[PDB]
């Protein structure tokens, strides 16, 4: 059963908390405007409590010391080309790999959905946490709002088809569109 807004549901790898995002009983006006809904970790802005972008930015901050910049819609992350190291403001390259790419997803990668279906007009972002032969595990906010089983540090598992040198992820929802994954690397592909 779904938990009240802000409830701790579990942790992603590295001890990164996953919180419930059900804001159905909150005033939309208030939810959008009030500063109590802004998540920070030591003066660093992580995002809007407790949306998908906030979790992805906080996961990268806590486990890699980097963040991506302030997008209005999650699907816009797929068009970013850098990450910022918070300790010194240095810029690191970030590349996009469309679903079905011969460049395999990797743990830590951002996984982005375009707008559509379950993800309406915002799209979605999750973090890939584990790679297996026929699936990946991911962690995210704004999808699962019920506590995770003890010891489970992922929210969903997605089927991964590996054929003819390409990797294709299939969503657990039927009406969505996965754009692809992002990896911290320079563009070294034609």
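Residue numbers count along the first chain shown, from 1.
- Looking at 55 to 63 and 154 to 162 together, the entry lists the larger mean B-factor for 154 to 162, computed on C-alpha atoms.
- The PDB entry reports B-factors from which the mean C-alpha value can be compared for 19 to 27 and 178 to 186; the larger average falls on 19 to 27.
- Taking the PDB entry at face value, the top CA B factor among 93, 72, 100, 105 belongs to 72.
- Note on the listed residues 127, 41, 148, 131: the highest Cα temperature factor in the record is that of 41.
- Split the chain's modelled residues into thirds by C-alpha temperature factor. Residue 76 is in the lowest one.
- In the PDB entry, residue 45 places in the highest third of its chain by CA B-factor.
- In this PDB entry, residue 36 carries a Cα temperature factor that places it within the highest third of its chain's modelled residues.
- For residue 136, the recorded CA temperature factor ranks within the middle third of the chain's modelled residues.
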